């Protein structure tokens, strides 16, 4: 069980991830979203850790932890990251600084300790090798499930925070290995993509909102320690309408309305790869000084004001697979996910949000 301080940070981490999701969902350039609240919060913790004055105070303020000691922040976030570990979960965090810069010992030790932070130098004078090394580090961290973070780095003169993840929900009741076929996923009413779908009928917590024209299903993960929640509108439509409805309170209402029913869950099968640069969105949440070359004070990090937060790459490979525990209906309700949906990974014990995302366009070709 989480300590009271880690628990409060977790609540803010969730709220922050909802704000980040909403910010990104408003961008018409953004298709799929994948956010780990904890990893997003740990990134602000590094800014507090490495920074001074306003640069650091903003990070604590975004984290709503301004009344806590710096040690309490780092310890709590450290505890939350540690709590994500409970094969099917892989995380790596690396800070890339220019060749010229030198990371400070104290920072290097603290970041290793609380945030499991790896440190590297990067030379963008040879851009190919610079990209190659980031992408390879991510490939190795996720054992090839995330083969590329970015095709290009916009800002080359600062610090680069890269988080590389691989998550594979392991079901409490597995899908049959043969319950897999090729279907069409409707990205829009006029655009279909060829996907692999996996299928299972079982008793699931389910709710059909006839008023808001949406379905909600809860899929318990291994040993009911966490669960995957799927929110999908009845019709193929842009997620904008549903996203407006999505709040911590609305989710509580929907979940109370759920009941154990026979449900034929059909989901796309495969790895969804998402890379976000959180840089612009975090600045919108109050982290203004850290991302500005002229105002950034990351001097606890390097010893000098020779650094700014150029990027915060949140890169995830989320795998939808048949695997789960062996542990396991005449007229089921269909939860046929062949159109965009919103999903959440919730920790059962804490209520702590592990993932927030949406699948709008899976891998495949047009038809």
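Residue numbers count along the first chain shown, from 1.
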{"item": "Deposited-sequence gap flanked by residue 86 and residue 87", "value": "4 to 9"}
{"item": "Deposited but uncoordinated residues in the residue 27/residue 28 interval", "value": "none"}
{"item": "Between 233 to 241 and 171 to 179 (mean CA B-factor, as deposited), the higher", "value": "233 to 241"}
{"item": "Mean C-alpha temperature factor, higher of 208 to 216 and 110 to 118", "value": "208 to 216"}
{"item": "Residue with highest C-alpha B-factor in the PDB entry, from 257, 199, 90, 276", "value": "257"}
{"item": "Which of 79, 105, 71, 143 ranks first by CA B-factor in the deposited coordinates", "value": "71"}
{"item": "Chain thirds of CA B-factor: placement of residue 303", "value": "highest"}
{"item": "Residue 65 - Cα temperature factor, lowest/middle/highest third of chain", "value": "highest"}
{"item": "Chain thirds of CA B-factor: placement of residue 161", "value": "lowest"}
{"item": "Residue 94 by Cα B-factor - lowest, middle or highest third of the modelled chain", "value": "lowest"}
{"item": "Third of chain Cα B-factors occupied by residue 58", "value": "middle"}
